[PDB]
Amino acid sequence: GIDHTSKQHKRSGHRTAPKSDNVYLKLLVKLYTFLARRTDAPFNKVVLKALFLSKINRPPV
Amino acid sequence: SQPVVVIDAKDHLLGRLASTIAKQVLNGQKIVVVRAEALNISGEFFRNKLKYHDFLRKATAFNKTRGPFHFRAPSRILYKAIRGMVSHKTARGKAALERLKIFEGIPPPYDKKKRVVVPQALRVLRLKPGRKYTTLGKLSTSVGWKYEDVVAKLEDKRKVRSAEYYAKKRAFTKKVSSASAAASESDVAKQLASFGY
Amino acid sequence: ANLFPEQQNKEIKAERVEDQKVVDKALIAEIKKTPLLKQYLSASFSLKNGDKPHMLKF
Amino acid sequence: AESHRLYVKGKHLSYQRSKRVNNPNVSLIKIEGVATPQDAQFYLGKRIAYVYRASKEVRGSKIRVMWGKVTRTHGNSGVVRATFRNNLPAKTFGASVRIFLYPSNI
Amino acid sequence: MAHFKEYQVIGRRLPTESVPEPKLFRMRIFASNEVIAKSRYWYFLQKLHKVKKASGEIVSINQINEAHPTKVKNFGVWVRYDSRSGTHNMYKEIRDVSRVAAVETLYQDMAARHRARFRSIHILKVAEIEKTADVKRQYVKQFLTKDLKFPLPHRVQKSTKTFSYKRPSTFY
Amino acid sequence: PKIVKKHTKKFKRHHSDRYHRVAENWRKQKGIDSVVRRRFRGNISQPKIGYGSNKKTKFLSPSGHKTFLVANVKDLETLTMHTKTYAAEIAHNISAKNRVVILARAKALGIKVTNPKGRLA
RNA sequence: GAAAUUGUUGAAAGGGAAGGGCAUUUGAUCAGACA
RNA sequence: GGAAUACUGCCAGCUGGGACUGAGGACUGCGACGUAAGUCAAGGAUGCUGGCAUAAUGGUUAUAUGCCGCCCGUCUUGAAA
RNA sequence: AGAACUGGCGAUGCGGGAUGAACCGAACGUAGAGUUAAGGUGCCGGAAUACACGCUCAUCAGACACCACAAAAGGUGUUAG
RNA sequence: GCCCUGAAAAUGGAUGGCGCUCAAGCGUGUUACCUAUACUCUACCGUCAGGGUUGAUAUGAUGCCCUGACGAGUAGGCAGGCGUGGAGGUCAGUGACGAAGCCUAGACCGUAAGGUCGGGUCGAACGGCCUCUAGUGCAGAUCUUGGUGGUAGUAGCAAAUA
RNA sequence: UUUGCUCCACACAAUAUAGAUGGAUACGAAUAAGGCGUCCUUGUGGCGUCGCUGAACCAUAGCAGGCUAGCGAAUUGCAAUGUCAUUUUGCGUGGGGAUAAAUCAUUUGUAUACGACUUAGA
C-alpha cells in the first residue's frame with residue numbers, strides 16, 4: 001500500500017446536478033452546461049452552479 | 001539410470017545414507033539397500049546405546065502395544081531413519097516406501113548383481129580420523145537382535161563363493177589381456193587411438 | 001470427406017523422378033569423395049546412455 | 001537398430017512451491033545429466049511431453065500425451081521449471097517425462 | 001566486513017579565521033570500502049581528538065597496495081579487543097603473503113577463538129618481522145625451518161554424481 | 001469476441017453443504033469470529049467487485065449474442081434489426097401451437113433462436 | 001403432495017471421522033458464432 | 001625505466017538463447033529514412049503454413065492426488081475452546 | 001497492580017517465528033510475468049551434502065531474538081593471550 | 001573462548017521431526033539460490049478526480065469517449081441494486097394445444113442478491129415494465145406450532161410359590 | 001449323468017499401470033593404504049604398474065529396422081503417441097490331467113454368556 005496523505009475516494013462536496021426532477025429546470029441545465037463549457041466567460045459558470053442550489057441556499061430576492 | 005539400484009551399505013553413515021535415499025526414492029527410483037549390519041553411525045558406542053535406551057522408554061502408558069514400536073534389526077533401524085525423512089502419512093510417501101527394500105546380509109536375489117556405494121555418505125570420507133564410530137550390527141545385537149550370528153554365518157558362506165567367482169573372472173581377463181596385445185599393433189588401433197579410443 | 005479419392009498419389013508424377021535423380025547423381029560425386037560418409041548418411045541418429053545433449057559437439 | 005531415442009528422460013519432481021503452499025501451474029523437471037544452471041540453459045524452450053496410458057480409446061490410441069515447454073532454470077542444480085498446457089496431475093510426482101529437442105538452436 | 005582493502009585517510013578540523021591552517025591527521029585503516037573507511041576514521045580520531053564529522057573534514061582517502069604481494073611475510077599484529085567482561089591487549093602473528101590478507105586472517109582468528117566481532121576489535125600495529133628471531137609464537141616457527149616437507153595423508157575426492165561403482169581410495 | 005469469465009464457479013454460501021436449513025444462495029457472513037469474513041487461507045472466496053466481467057463481453061452468451069425473451073410474433077420485430085446482436089429465447093409458457101409460429105417467423109427473419117426444441121412434439 | 005427421515009435399484013468412494021479451497025488426470029455428462 | 005593485467009566506473013558498443021503479454025480498431029501526432037516516389041521496428045500484431053469443424057477443445061460433476069483448511073452464532077482485551 | 005511517549009492488536013488477512021490476538025516482514029479489487037523482504041537452502045520442504053578460517057567430543061553435547069529459563073563457584077579438558 | 005561439574009519431579013516425548021560430529025553444531029566471512037495478497041510492468045472490474053462531446057440518425061447529454069490515481073476493515077453511516085403480499089397504469093402480455101406450484105451432480109446470464117430456459121410432474125389461473133403501498137427476505141432467540149431422526153430392535157416386559 | 005475343474009499350446013477380446021525404451025556390467029578387506037602384473041627360496045616377500053572419477057566398459061551401420069542365392073525405401077506433404085513393451089481375467093481351438101471337502105442341523109463336555117472350542121456319527 002501507499003502511506004495515504006489524505007483521504008481516498010472522497011466525493012468533492014458539491015452537487016453536479018439539481019436534486020429536483022423539474023423538467024423545465026433540467027432544460028436550463030442543458031443550456032448552461034453548453035454555455036459554460038463552450039464560452040470562456042465566467043458569468044456562465046456562476047449561473048450554472050447557482051441552478052443546482054437548494055431552496056434554502058436560494059433565498060428570495 | 002539403473003531401474004534397480006543395489007547399495008552396499010558397508011561403512012556408510014546411517015543418517016547421511018538415509019537422506020540421499022529418501023530424496024532418491026521420492027523421485028521414483030527403486031533402491032535396494034544391502035548388508036545393513038555393517039552400517040556405521042558416529043559417536044562412540046555407549047553414547048549411541050544410551051540414545052537408543054532413551055527411545056526404548058517412549059511407549060504408550062495405557063496400552064504399550066499402541067505406542068512407538070522399537071524395531072531392533074539393523075534393516076529396521078535404517079528403515080526408522082528413512083521413514084522419518086519421508087512424508088509417510090500420505091499417498092506420496094507410502095508409494096515412496098514401496099520402492100525401498102532393505103536387508104541385512106546380501107540375499108540370493110542380489111548377490112550376483114552389482115553393488116554401488118554412496119560417496120557423500122561413506123564413513124571414510126566424512127568422519128575425521130580419530131573419531132569413535134559405531135557399527136550398527138554391534139549396536140543392534142546389544143538391544144535385542146538375535147540373528148547377528150546367522151547373518152555372519154551366511155555371509156561367510158557367500159564370500160567364499162564370490163571369491164570363487166572372481167578367480168574365474170580374473171583368469172578370464174588374464175587370457176584376454178595377454179591375447180589383445182597382439183591385436184594392438186594394427187592400423188585400426190592406430191586409427192582409433194587418435195580418436196580418444 | 002467421404003470419397004477416398006487418391007488424387008494421383010499412389011503412382012508418381014513423371015518429371016518429379018528426374019529432378020530427384022539429377023540432384024542425387026550430382027551429389028554422389030562429392031559424397032563418395034570422402035571416406036565413410038556414405039555410410040554416415042545412411043544411418044540414423046539416436047541417443048545412447050551417456051548422451052548428454054548439452055556437452056557433446058555436433 | 002534398437003537405437004531410437006531422441007529425448008532425455010527427466011523426472012517430474014514437484015510443483016513450484018513454498019513451504020506449506022504450492023502453485024500447480026509450474027512444475028519442476030529434473031533432467032538427467034544436468035548439474036548446473038549453466039548447461040541447464042541449453043534446455044530452455046525445448047518441449048517436454050508426459051506420455052501416459054489410458055483405458056478408453058480416443059482417435060484410435062490408448063496412449064495420451066500432455067505437451068508443454070521448459071521455461072526457466074531453477075536453483076543451482078539443473079532443475080528447470082515447466083509450464084504445461086494442462087498442468088500435470090500431481091499423481092505424477094516421480095514420473096518420467098521426456099524432454100525433446102524440438103526448437104533447436106545447435 | 002567483506003574482502004578487506006587497506007586505505008589511508010587524511011583528515012582535518014574545519015578552519016576558522018583564528019587558525020586557518022589546522023594540522024592534518026593520518027590513519028592507515030583496513031575496511032571494506034571507501035564509505036566504511038571514512039567512518040572508521042571519525043571513530044578512531046574522535047576517540048583521540050576534540051573533533052567530530054560535523055566539525056572537521058576529510059582531506060584525502062587513497063588505497064594502499066603492497067610493494068611485494070608475492071612474498072611471504074611473518075606479520076606481527078598488535079590488537080586490543082573487548083571481551084564479555086573487560087578489555088585486553090594481545091599480540092598474535094600471521095604468516096600470509098599480503099598485509100590485508102593477514103587482517104582478514106586476524107578477524108577470523110579472533111571471532112573463532114574468543115568470539116570477538118568486528119565491532120569489538122581495535123587493531124594497533126601491523127608490521128612485517130624482518131629477521132627470524134623476532135618471531136616469538138610457536139605456530140609460526142615451524143614453517144620457518146630448513147627443508148619443510150610434510151605430506152597430506154587423507155585426501156577426499158568430491159563427487160559430482162551421487163553413486164559410485166568402486167570403494168574410493170584415499171592415498172595421495 | 002474473446003470472452004474471459006473470471007471465476008467460473010458459483011459462490012455458494014458458507015456451511016451450505018453441512019446443514020440443510022442453510023441454502024446455497026450466497027449470504028455474507030456477518031459473524032465476529034468468522035473465518036470466511038476474515039478471509040482466512042483455505043476457506044471459500046466471497047464476491048468482490050474485482051470479479052466483474054469485461055464491459056464489452058458482459059451479458060454475452062458463449063454463442064456471442066445477448067439473449068432476449070420473446071413471447072409473441074410482435075416481440076420478434078424488435079430483433080430483426082439486430083440479428084447478430086440479439087438471440088431470441090421463447091418464454092417458458094408459450095403454448096405449442098404458438099411456438100411453431102414464432103419458430104417459423106424467426107426462420108424467415110433470421111433470428112438465432114435459443115431453445116427451438118422445446119415443446120416440439 | 002416440498003423437506004427432514006426411509007426403502008429398492010444404478011453409479012462411485014472408504015486404514016482412528018465427514019465436509020471445504022486452488023490445480024489437473026480419469027469416468028460421466030452438456031454444448032454452440034464457423035454450425 | 002618502460003609496459004601489461006586486475007579491480008571499479010562508462011558506452012545514445014555490437015550479439016545470441018528463453019519466458020510472459022497482443023490491450024486499441026478509418027486516418028490525424030512525434031521522428032527517422034529517403035533527391036523524389038515513398039518506405040519504416042515511429043500514438044498497443046501481424047505474416048505464412050498445418051491440423052480440426054467431431055467431440056478436437058471448453059463448461060459442469062463425481063472421485064483420485066499434492067498443498068492448505070478447527071464450528072458456527074455470541075458476550076468478550078482475548079473462543080476451535 | 002499503576003501512569004508518560006509512540007507503535008500495534010481490538011477491527012487484519014498475508015510470508016516468516018513448527019504451533020500462537022499483539023514479535024519480524026508487509027497491510028489485501030481479479031489475474032499473468034518478473035524481483036525481493038523477514039526467514040531459509042541434508043531429508044521431510046521449494047532452495048549450495050556451497051565455499052573460506054577456526055573452535056568443540058558432551059555416560060542429560062548443541063542448534064531460529066520476543067520464547068518458553070539458569071547462577072555463584074569450579075576443572076593440569078582443550079585452545080588462545 | 002568452547003566443553004564439562006554445580007544442574008533434582010512425577011503419563012512417554014520433543015533444536016518442529018528424522019538425524020547430524022573436518023556437522024546438517026558454534027563464531028565469522030564470501031557468494032549463488034528458494035519466495036508472500038509487498039515492489040515493478042500489462043490486462044480487466046469498480047470507485048474518485050479532471051477534461052472532451054447538442055456536430056448529428058441512440059434524435060440523444062440518465063449518456064458517449066479521453067486521461068490519471070486509488071481499492072484491508074468490526075461497531076457505524078450513506079449510496080446503487082435483487083426478492084415478496086397487495087394497488088393505479090401499460091404490454092389489445094402468457095394460458096386447458098396446460099397457468100401457478102414442485103422436482104431435476106441438465107443448459108445460460110449476473111461480482112452477488114437473483115433472473116431466464118429444457119425435461120418430469122401437475123391442473124386454473126399468472127407475469128414483464130413505469131409507479132404506489134407494507135403484517136416484505138431467517139440458521140440461531142434453553143424461540144412458537146407441526147413433523148421426523150440417531151440412540152434402538154436397545155433398556156427392558158424379573159414382587160404377589162405353578 | 002463328459003455342462004464341472006486343472007495344466008500346456010494362438011485366435012482373441014478385455015481390463016490395469018506410483019510410470020521399460022540399448023546393457024542392474026557381481027571379489028573381499030584396508031583407507032597413516034590397496035588393485036593388477038611379474039618372476040622368486042612362497043612371505044605381513046622382491047620387482048613393475050595404475051588411481052586423481054563410471055564422461056568407464058559392453059553393445060550400436062538396414063522400412064519401428066529388408067533382401068536376389070547387387071534391388072525394394074517417396075506424395076506419413078514443414079512438428080502433433082506416431083505407437084507397439086507388460087501384470088491380470090473371461091471365451092473359443094486341442095494337447096494332456098486329477099475324480100474332494102467344509103459348514104448348518106443331531107451329538108460330546110477336557111469347553112461354554114451368545115459366538116467360539118473340543119468330540120462322535122453313513
# chains A, B, ... in the order shown; residues from 1 in each chain; ligands from 1
>>> interface_residues(of="chain E", to="chain B", cutoff="12 Å", atoms="only C-alpha atoms", output="PyMOL selection string")
chain E and resi 153-171
>>> residues_around(residues="residue 9 (chain A)", least_positions_apart="3", cutoff="12 Å", atoms="only C-alpha atoms (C1' of nucleotides)", output="ChimeraX atom specification")
/A:4,6,12 /J:46-49,69-71
>>> write_last_selection(atoms="C-alpha atoms (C1' of nucleotides)", output="PDB file, in the first residue's frame")
ATOM      1  CA  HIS A   4      -2.009   7.883   2.364  1.00  0.00           C
ATOM      2  CA  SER A   6      -5.251  12.495   2.605  1.00  0.00           C
ATOM      3  CA  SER A  12     -15.989  16.690  -3.556  1.00  0.00           C
TER       4      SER A  12
ATOM      5  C1'   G J  46     -15.084  -0.787  -9.662  1.00  0.00           C
ATOM      6  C1'   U J  47     -14.540   3.982  -7.173  1.00  0.00           C
ATOM      7  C1'   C J  48     -12.900   9.112  -7.285  1.00  0.00           C
ATOM      8  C1'   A J  49     -10.931  13.445  -9.684  1.00  0.00           C
ATOM      9  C1'   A J  69      -4.728   7.850  -9.308  1.00  0.00           C
ATOM     10  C1'   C J  70      -6.695   4.527  -5.772  1.00  0.00           C
ATOM     11  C1'   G J  71      -9.075  -0.396  -3.634  1.00  0.00           C
TER      12        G J  71
END
>>> atom_distance(atom1="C1' of residue 58 (chain I)", atom2="CA of residue 43 (chain B)")
10.4 Å
>>> closest_atom_pairs(of="chain B", to="chain K", cutoff="10 Å", atoms="only C-alpha atoms (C1' of nucleotides)", output="Markdown table")
| residue | atom | partner | partner_atom | distance |
| --- | --- | --- | --- | --- |
| B:1 | CA | K:24 | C1' | 9.4 |
| B:2 | CA | K:24 | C1' | 5.8 |
| B:3 | CA | K:24 | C1' | 6.7 |
| B:4 | CA | K:24 | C1' | 5.7 |
| B:5 | CA | K:24 | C1' | 6.6 |
| B:6 | CA | K:24 | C1' | 7.9 |
| B:26 | CA | K:18 | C1' | 9.9 |
| B:28 | CA | K:18 | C1' | 7.8 |
| B:91 | CA | K:18 | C1' | 9.1 |
| B:92 | CA | K:18 | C1' | 7.9 |
| B:94 | CA | K:18 | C1' | 9.4 |
| B:95 | CA | K:18 | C1' | 5.8 |
| B:96 | CA | K:18 | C1' | 7.7 |
| B:98 | CA | K:18 | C1' | 8.7 |
| B:99 | CA | K:18 | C1' | 8.9 |
| B:110 | CA | K:26 | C1' | 8.6 |
| B:111 | CA | K:26 | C1' | 6.6 |
| B:112 | CA | K:26 | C1' | 4.4 |
| B:113 | CA | K:26 | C1' | 4.6 |
| B:114 | CA | K:26 | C1' | 4.8 |
| B:115 | CA | K:26 | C1' | 7.5 |
| B:124 | CA | K:31 | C1' | 7.0 |
| B:125 | CA | K:31 | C1' | 9.4 |
| B:129 | CA | K:32 | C1' | 9.8 |
| B:159 | CA | K:28 | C1' | 7.0 |
| B:160 | CA | K:28 | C1' | 9.0 |
| B:161 | CA | K:27 | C1' | 9.0 |
| B:162 | CA | K:27 | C1' | 5.5 |
| B:163 | CA | K:27 | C1' | 4.9 |
| B:164 | CA | K:27 | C1' | 8.0 |
| B:165 | CA | K:27 | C1' | 7.3 |
| B:166 | CA | K:27 | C1' | 5.1 |
| B:167 | CA | K:27 | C1' | 8.0 |
| B:169 | CA | K:27 | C1' | 9.6 |
| B:170 | CA | K:27 | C1' | 9.6 |
| B:174 | CA | K:37 | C1' | 9.4 |
>>> residues_around(residues="residue 80 (chain I)", least_positions_apart="2", cutoff="12 Å", atoms="only C-alpha atoms (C1' of nucleotides)", output="MDAnalysis selection string")
(chainID E and resid 90:92 109:115 137 139) or (chainID I and resid 54:55 78) or (chainID J and resid 1:2)
>>> atom_distance(atom1="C1' of residue 145 (chain J)", atom2="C1' of residue 6 (chain G)")
24.5 Å
>>> closest_atom_pairs(of="chain K", to="chain E", cutoff="10 Å", atoms="only C-alpha atoms (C1' of nucleotides)", output="tab-separated table")
residue	atom	partner	partner_atom	distance
K:30	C1'	E:169	CA	9.5
K:31	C1'	E:170	CA	5.7
K:32	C1'	E:153	CA	6.8
K:33	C1'	E:171	CA	6.4
K:34	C1'	E:169	CA	7.7
K:51	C1'	E:169	CA	8.2
K:52	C1'	E:157	CA	8.2
K:53	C1'	E:159	CA	8.0
K:54	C1'	E:165	CA	6.7
>>> atom_distance(atom1="CA of residue 38 (chain F)", atom2="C1' of residue 36 (chain I)")
27.2 Å
>>> residues_around(residues="residue 72 (chain D)", least_positions_apart="3", cutoff="12 Å", atoms="only C-alpha atoms (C1' of nucleotides)", output="list in words")
residues 26, 27, 28, 29, 37, 38, 40, 41, 42, 43, 44, 45, 46, 69, 75, 78, 79, 80, 81, 82 and 83 of chain D; 17, 18, 19 and 20 of chain H; 34 of chain I
>>> closest_atom_pairs(of="chain D", to="chain G", cutoff="7 Å", atoms="only C-alpha atoms (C1' of nucleotides)", output="tab-separated table")
residue	atom	partner	partner_atom	distance
D:24	CA	G:23	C1'	5.2
D:86	CA	G:24	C1'	6.6
D:87	CA	G:24	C1'	5.3
D:88	CA	G:24	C1'	5.8
D:89	CA	G:24	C1'	4.4
>>> closest_atom_pairs(of="chain D", to="chain J", cutoff="12 Å", atoms="only C-alpha atoms (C1' of nucleotides)", output="tab-separated table")
residue	atom	partner	partner_atom	distance
D:16	CA	J:34	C1'	10.1
D:17	CA	J:35	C1'	8.5
D:18	CA	J:35	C1'	6.4
D:19	CA	J:35	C1'	9.1
D:20	CA	J:35	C1'	11.7
D:21	CA	J:35	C1'	10.5
D:22	CA	J:35	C1'	11.1
D:23	CA	J:35	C1'	11.6
D:36	CA	J:32	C1'	11.2
D:37	CA	J:33	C1'	10.4
D:73	CA	J:33	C1'	10.8
D:74	CA	J:33	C1'	8.2
D:75	CA	J:33	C1'	4.9
D:76	CA	J:33	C1'	6.1
D:77	CA	J:33	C1'	9.4
D:78	CA	J:33	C1'	11.6
D:79	CA	J:33	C1'	11.5
>>> write_last_selection(atoms="N, CA, C and O atoms", output="compact mmCIF listing (two decimals), in the first residue's frame")
# COMPACT_ATOMS: atom_id res chain seq x y z
N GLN D 16 5.86 -25.95 -8.34
CA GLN D 16 6.57 -24.82 -7.76
C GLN D 16 5.90 -24.44 -6.47
O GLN D 16 4.70 -24.17 -6.43
N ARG D 17 6.66 -24.42 -5.39
CA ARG D 17 6.02 -24.30 -4.10
C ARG D 17 6.87 -23.50 -3.15
O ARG D 17 8.05 -23.26 -3.40
N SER D 18 6.25 -23.06 -2.09
CA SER D 18 6.97 -22.63 -0.91
C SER D 18 6.83 -23.75 0.10
O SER D 18 6.37 -24.84 -0.21
N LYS D 19 7.27 -23.49 1.32
CA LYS D 19 6.82 -24.30 2.42
C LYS D 19 5.34 -24.02 2.64
O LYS D 19 4.89 -22.88 2.53
N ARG D 20 4.57 -25.10 2.82
CA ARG D 20 3.15 -25.13 3.14
C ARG D 20 2.20 -24.66 2.05
O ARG D 20 0.99 -24.78 2.22
N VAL D 21 2.68 -24.13 0.93
CA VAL D 21 1.78 -23.69 -0.14
C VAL D 21 2.38 -24.21 -1.44
O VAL D 21 3.60 -24.26 -1.56
N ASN D 22 1.56 -24.59 -2.42
CA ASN D 22 2.13 -24.94 -3.71
C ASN D 22 1.33 -24.28 -4.82
O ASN D 22 0.14 -23.97 -4.65
N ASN D 23 1.99 -24.06 -5.95
CA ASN D 23 1.41 -23.40 -7.11
C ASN D 23 1.40 -24.38 -8.26
O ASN D 23 2.45 -24.62 -8.87
N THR D 36 24.25 -28.10 -13.37
CA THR D 36 24.47 -26.69 -13.08
C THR D 36 23.39 -25.90 -13.79
O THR D 36 22.74 -26.43 -14.70
N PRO D 37 23.15 -24.66 -13.38
CA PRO D 37 22.27 -23.80 -14.18
C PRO D 37 22.84 -23.48 -15.54
O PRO D 37 22.11 -23.50 -16.54
N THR D 73 15.37 -21.76 -15.55
CA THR D 73 16.12 -22.66 -14.70
C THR D 73 15.75 -22.45 -13.24
O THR D 73 15.29 -21.38 -12.84
N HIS D 74 15.91 -23.49 -12.46
CA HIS D 74 15.64 -23.46 -11.03
C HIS D 74 17.00 -23.51 -10.35
O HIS D 74 18.03 -23.55 -11.01
N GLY D 75 17.00 -23.50 -9.03
CA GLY D 75 18.21 -23.15 -8.32
C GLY D 75 19.35 -24.14 -8.32
O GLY D 75 19.17 -25.29 -7.94
N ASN D 76 20.50 -23.70 -8.82
CA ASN D 76 21.83 -24.23 -8.52
C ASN D 76 22.10 -25.71 -8.78
O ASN D 76 23.19 -26.18 -8.44
N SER D 77 21.16 -26.45 -9.35
CA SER D 77 21.45 -27.86 -9.58
C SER D 77 20.86 -28.41 -10.87
O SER D 77 20.72 -29.63 -10.99
N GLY D 78 20.50 -27.57 -11.82
CA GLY D 78 19.97 -28.08 -13.07
C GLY D 78 18.54 -28.56 -13.01
O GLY D 78 18.11 -29.29 -13.90
N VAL D 79 17.82 -28.21 -12.00
CA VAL D 79 16.38 -28.34 -12.04
C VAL D 79 15.87 -27.22 -12.93
O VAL D 79 16.44 -26.12 -12.93
>>> select_by_dssp(residues="region 93-168 of chain B", states="helix (DSSP H, G or I)", output="ChimeraX atom specification")
/B:93-96,119-121,123-126,136-140,148-168
>>> interface_residues(of="chain I", to="chain A", cutoff="12 Å", atoms="only C-alpha atoms (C1' of nucleotides)", output="ChimeraX atom specification")
/I:26-28
>>> write_last_selection(atoms="C-alpha atoms (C1' of nucleotides)", output="PDB file, in the first residue's frame")
ATOM      1  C1'   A I  26       4.393  -6.401   4.923  1.00  0.00           C
ATOM      2  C1'   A I  27      -1.068  -4.344   5.180  1.00  0.00           C
ATOM      3  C1'   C I  28      -5.407  -7.101   0.699  1.00  0.00           C
TER       4        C I  28
END
>>> interface_residues(of="chain K", to="chain C", cutoff="9 Å", atoms="only C-alpha atoms (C1' of nucleotides)", output="ChimeraX atom specification")
/K:22,55,60-62,74-75
>>> decode(residues="region 81-120 of chain J", atoms="C-alpha atoms (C1' of nucleotides)", output="PDB file, in the first residue's frame")
ATOM      1  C1'   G J  81     -29.482  -2.788  -6.620  1.00  0.00           C
ATOM      2  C1'   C J  82     -32.256  -8.037  -6.206  1.00  0.00           C
ATOM      3  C1'   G J  83     -36.634 -10.637  -3.962  1.00  0.00           C
ATOM      4  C1'   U J  84     -42.038 -10.885  -1.808  1.00  0.00           C
ATOM      5  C1'   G J  85     -48.021  -9.890  -0.451  1.00  0.00           C
ATOM      6  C1'   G J  86     -51.383  -6.383  -2.352  1.00  0.00           C
ATOM      7  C1'   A J  87     -52.717  -1.020  -5.632  1.00  0.00           C
ATOM      8  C1'   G J  88     -53.157   2.560 -10.155  1.00  0.00           C
ATOM      9  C1'   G J  89     -51.174   2.298 -15.443  1.00  0.00           C
ATOM     10  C1'   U J  90     -49.496  -0.280 -19.719  1.00  0.00           C
ATOM     11  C1'   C J  91     -47.787  -4.695 -22.781  1.00  0.00           C
ATOM     12  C1'   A J  92     -55.294  -5.090 -27.338  1.00  0.00           C
ATOM     13  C1'   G J  93     -48.789  -9.768 -22.444  1.00  0.00           C
ATOM     14  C1'   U J  94     -48.939 -15.692 -21.230  1.00  0.00           C
ATOM     15  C1'   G J  95     -52.679 -19.845 -20.597  1.00  0.00           C
ATOM     16  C1'   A J  96     -56.788 -26.358 -20.999  1.00  0.00           C
ATOM     17  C1'   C J  97     -52.551 -27.190 -27.769  1.00  0.00           C
ATOM     18  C1'   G J  98     -51.575 -26.860 -19.906  1.00  0.00           C
ATOM     19  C1'   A J  99     -51.350 -21.013 -15.815  1.00  0.00           C
ATOM     20  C1'   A J 100     -49.187 -21.389 -10.574  1.00  0.00           C
ATOM     21  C1'   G J 101     -46.522 -24.916  -7.823  1.00  0.00           C
ATOM     22  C1'   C J 102     -42.857 -28.757  -7.056  1.00  0.00           C
ATOM     23  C1'   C J 103     -38.562 -31.922  -8.673  1.00  0.00           C
ATOM     24  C1'   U J 104     -34.073 -32.015 -11.722  1.00  0.00           C
ATOM     25  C1'   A J 105     -24.097 -33.931  -9.761  1.00  0.00           C
ATOM     26  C1'   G J 106     -29.300 -30.613 -17.413  1.00  0.00           C
ATOM     27  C1'   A J 107     -28.149 -25.579 -20.022  1.00  0.00           C
ATOM     28  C1'   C J 108     -27.330 -19.898 -19.861  1.00  0.00           C
ATOM     29  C1'   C J 109     -26.842 -14.897 -17.800  1.00  0.00           C
ATOM     30  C1'   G J 110     -25.214 -11.669 -13.284  1.00  0.00           C
ATOM     31  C1'   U J 111     -19.248  -9.779  -8.855  1.00  0.00           C
ATOM     32  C1'   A J 112     -23.643 -11.081  -5.920  1.00  0.00           C
ATOM     33  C1'   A J 113     -28.730 -10.718  -4.092  1.00  0.00           C
ATOM     34  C1'   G J 114     -31.110 -13.465  -8.024  1.00  0.00           C
ATOM     35  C1'   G J 115     -33.057 -13.750 -13.368  1.00  0.00           C
ATOM     36  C1'   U J 116     -34.020 -16.962 -17.764  1.00  0.00           C
ATOM     37  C1'   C J 117     -34.612 -21.899 -20.386  1.00  0.00           C
ATOM     38  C1'   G J 118     -35.083 -27.611 -21.267  1.00  0.00           C
ATOM     39  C1'   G J 119     -37.108 -32.066 -19.046  1.00  0.00           C
ATOM     40  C1'   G J 120     -40.538 -34.588 -15.440  1.00  0.00           C
TER      41        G J 120
END
